[PDB]
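Have a look at the structure below, then the notes.
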Amino acid sequence: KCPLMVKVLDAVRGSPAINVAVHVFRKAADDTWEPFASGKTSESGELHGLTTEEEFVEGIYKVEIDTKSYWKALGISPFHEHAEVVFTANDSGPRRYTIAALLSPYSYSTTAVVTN
Amino acid sequence: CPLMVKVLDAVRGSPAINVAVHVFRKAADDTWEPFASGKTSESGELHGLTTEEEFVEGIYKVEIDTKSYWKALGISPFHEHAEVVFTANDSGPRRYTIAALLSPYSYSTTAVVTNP
Amino acid sequence: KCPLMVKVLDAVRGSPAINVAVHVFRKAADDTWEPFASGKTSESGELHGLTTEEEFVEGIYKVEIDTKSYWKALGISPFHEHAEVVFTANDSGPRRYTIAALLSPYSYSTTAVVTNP
Amino acid sequence: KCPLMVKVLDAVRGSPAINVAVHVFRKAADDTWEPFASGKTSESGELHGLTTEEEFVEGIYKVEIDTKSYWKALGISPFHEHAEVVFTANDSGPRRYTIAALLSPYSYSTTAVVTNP
């Protein structure tokens, strides 16, 4: 029932990315990013309970995924400092957002699943 | 289930529903004999394709019939279908998740293998 | 001016994939694939001069990228036996086809660029 | 040719993305982004002359690909506000960097092709 959930996959090992730092920001009135939520992916590669529907108000959100630390913890030098997704949430009604990221050392793919 | 298929649509930001999936096994004469079939559910998943008893070791081909998916939406695609060919259960029983992300002129596939 | 090009990229080293075997098969009237063209990607991970425009006719073509040999040479055990792309070519006129593939050990993505001469 | 190049592709129509705004930033000493370069994609979806070797110095760069405006011009409402790539460049000597982005309305994949001249 979480409005926002983040799923991270490893394309080199073919397993969920475990213990990946995820930071969520909201755009402020002065075009600044303020901290909104944080967490780390579980052993299933997904992060639940980031925020409730009461907090998850309409705005422009930034989901920052700390891919650099994850690849460094595996002894791999990556290219991107981080993989982050900027999107507008709850523009027309509350929706449940899933941010799926597929990670490689020098490339990444991200897709969104938006439902009601 | 030891073999699961998940399909996602990168154009509409939703799971791909009612997508035909056909599983083949390479025979002794390099021939693909039918093994399992189904269609993705409302969540874009295909459950209960096989059981570990009959999911013997061998080369398996998972054909995701993408062209029929796009024609039912009014889009003329490029690929005739998306096919994933892999060796399964070579070094002991495993659980396989085939994930595909579909675009009219592109697609990406990934696999998650977990030791039970 | 070749109407069929194959470009292959590596998503792990962030470099073009070099010396990747690429086999092109054409579908016959009895639902089997018969060889049409073959070659290996160059130092820039590209494959030009596969055939000629007149020889490249309407039909269903299969491009197999032998990714498993690429990963085994690199010392990585992959998941996919190969990356095969099957498409209908020249359905409504002579087009130029570029097949681009991005490779990871357990995943890959492919795309196509189609232009009208 | 140029130390920085951007390639943008469109996976919905299978053609290069034409006239796509690309912005390049450089991180300042106070952890702020200062403008570095900008341009629009050519007929082949490429950016050239965006910078040369001596301007393109070691640092943390942000390549912002304005995908939202591209999809609106096509009558498509996208998901991401932009495609946004942060990386460190020339940390061990000058390199040629090619950013390649494949765009879909609700997804995008980006890859880098780093070469040593």
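Ordering of the structure tokens sets the chain letters (A, B, ...); residue numbers start at 1 within each chain; ligands are numbered from 1 in the order shown.
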Q. Near residue 111 of chain A, within 10 Å and counting only C-alpha atoms, which residues show up once chain neighbours fewer than 4 positions away are dropped, as a ChimeraX atom specification?
A. /A:7,85,98-102 /B:8-11,13-14,101 /D:79-80,104-109
Dump C-alpha atoms for the selected residues as a PDB file, in the first residue's frame?
```pdb
ATOM      1  CA  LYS A   7      13.152  -1.679  -7.019  1.00  0.00           C
ATOM      2  CA  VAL A  85      15.003  10.060 -11.486  1.00  0.00           C
ATOM      3  CA  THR A  98       7.183   2.098  -8.659  1.00  0.00           C
ATOM      4  CA  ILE A  99      10.690   3.119  -9.720  1.00  0.00           C
ATOM      5  CA  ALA A 100      12.519   0.148 -11.239  1.00  0.00           C
ATOM      6  CA  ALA A 101      16.227   0.515 -11.981  1.00  0.00           C
ATOM      7  CA  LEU A 102      18.456  -1.954 -13.818  1.00  0.00           C
TER       8      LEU A 102
ATOM      9  CA  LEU B   8       6.764  -4.400 -18.674  1.00  0.00           C
ATOM     10  CA  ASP B   9       5.763  -1.746 -21.202  1.00  0.00           C
ATOM     11  CA  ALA B  10       8.114   1.232 -21.510  1.00  0.00           C
ATOM     12  CA  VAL B  11       5.624   3.368 -23.467  1.00  0.00           C
ATOM     13  CA  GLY B  13       4.381   2.873 -17.850  1.00  0.00           C
ATOM     14  CA  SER B  14       2.406  -0.235 -16.927  1.00  0.00           C
ATOM     15  CA  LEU B 101      10.833  -4.198 -21.006  1.00  0.00           C
TER      16      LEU B 101
ATOM     17  CA  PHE D  79       7.266  10.525 -17.021  1.00  0.00           C
ATOM     18  CA  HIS D  80      10.748  11.909 -16.355  1.00  0.00           C
ATOM     19  CA  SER D 104      10.846   6.017 -24.171  1.00  0.00           C
ATOM     20  CA  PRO D 105       7.939   8.013 -22.723  1.00  0.00           C
ATOM     21  CA  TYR D 106       8.055   6.168 -19.385  1.00  0.00           C
ATOM     22  CA  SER D 107      11.584   4.739 -19.421  1.00  0.00           C
ATOM     23  CA  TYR D 108      15.065   5.538 -20.606  1.00  0.00           C
ATOM     24  CA  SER D 109      18.396   3.766 -20.735  1.00  0.00           C
TER      25      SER D 109
END
```
Please report, as JSON lines, each residue of chain A lying at most 7 Å from chain B, together with the nearest pair of atoms and the separation in Å rounded to one decimal; use only C-alpha atoms, and order rows by chain and ascending residue number.
```
{"residue": "A:11", "atom": "CA", "partner": "B:110", "partner_atom": "CA", "distance": 6.8}
{"residue": "A:14", "atom": "CA", "partner": "B:112", "partner_atom": "CA", "distance": 4.7}
{"residue": "A:15", "atom": "CA", "partner": "B:112", "partner_atom": "CA", "distance": 5.0}
{"residue": "A:111", "atom": "CA", "partner": "B:10", "partner_atom": "CA", "distance": 6.7}
{"residue": "A:112", "atom": "CA", "partner": "B:13", "partner_atom": "CA", "distance": 5.5}
{"residue": "A:113", "atom": "CA", "partner": "B:13", "partner_atom": "CA", "distance": 4.8}
{"residue": "A:114", "atom": "CA", "partner": "B:13", "partner_atom": "CA", "distance": 6.1}
```
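Computed from the coordinates, the atom CA of residue 71 of chain A to atom CA of residue 25 of chain D distance equals 24.2 Å.
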Q: Give as a list in words every residue of chain D that touches chain C within 7 Å, counting only C-alpha atoms.
A: residues 11, 14, 15, 111, 112, 113 and 114 of chain D
With N, CA and C atoms retained, could you export that selection as a PDB file, in the first residue's frame?
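Everything below was put into part.pdb:
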```pdb
ATOM      1  N   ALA D  11      13.206   5.166 -29.214  1.00  0.00           N
ATOM      2  CA  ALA D  11      12.806   3.776 -29.355  1.00  0.00           C
ATOM      3  C   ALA D  11      11.340   3.608 -29.716  1.00  0.00           C
ATOM      4  N   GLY D  14      11.941   4.566 -33.796  1.00  0.00           N
ATOM      5  CA  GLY D  14      13.119   3.969 -34.396  1.00  0.00           C
ATOM      6  C   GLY D  14      13.914   4.901 -35.281  1.00  0.00           C
ATOM      7  N   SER D  15      13.981   6.174 -34.923  1.00  0.00           N
ATOM      8  CA  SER D  15      14.739   7.177 -35.650  1.00  0.00           C
ATOM      9  C   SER D  15      15.476   8.039 -34.641  1.00  0.00           C
ATOM     10  N   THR D 111      23.906   4.992 -21.656  1.00  0.00           N
ATOM     11  CA  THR D 111      25.186   4.306 -21.610  1.00  0.00           C
ATOM     12  C   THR D 111      26.279   5.287 -22.002  1.00  0.00           C
ATOM     13  N   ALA D 112      27.495   4.987 -21.572  1.00  0.00           N
ATOM     14  CA  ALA D 112      28.651   5.817 -21.864  1.00  0.00           C
ATOM     15  C   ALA D 112      29.677   5.007 -22.638  1.00  0.00           C
ATOM     16  N   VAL D 113      30.309   5.645 -23.613  1.00  0.00           N
ATOM     17  CA  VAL D 113      31.366   5.030 -24.404  1.00  0.00           C
ATOM     18  C   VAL D 113      32.608   5.890 -24.214  1.00  0.00           C
ATOM     19  N   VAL D 114      33.460   5.500 -23.274  1.00  0.00           N
ATOM     20  CA  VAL D 114      34.680   6.231 -22.959  1.00  0.00           C
ATOM     21  C   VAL D 114      35.825   5.626 -23.759  1.00  0.00           C
TER      22      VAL D 114
END
```
Q.
Distance cut-off 7 Å, counting only C-alpha atoms - which residues of chain A neighbour chain D? Return them as a list in words.
A.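 Applying the cut-off to the listed atoms yields residues 79, 80, 81, 82, 85, 86, 87, 106, 107, 108, 109, 110, 111 and 112 of chain A.
Considering the residues A:63, A:5, A:29, A:103 and counting only C-alpha atoms, residue 46 of chain A has its shortest atom-to-atom contact with A:5.
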Which residues are close to residue 48 of chain D, i.e. within 8 Å by only C-alpha atoms, leaving aside same-chain residues fewer than 6 positions away? Reply as an mmCIF file with C-alpha atoms, in the first residue's frame.
```
data_model
loop_
_atom_site.group_PDB
_atom_site.id
_atom_site.type_symbol
_atom_site.label_atom_id
_atom_site.label_comp_id
_atom_site.auth_asym_id
_atom_site.auth_seq_id
_atom_site.Cartn_x
_atom_site.Cartn_y
_atom_site.Cartn_z
ATOM 1 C CA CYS D 2 35.415 16.368 -29.752
ATOM 2 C CA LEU D 4 32.266 15.238 -25.460
ATOM 3 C CA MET D 5 29.503 13.920 -27.709
ATOM 4 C CA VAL D 6 25.846 13.138 -27.081
#
```
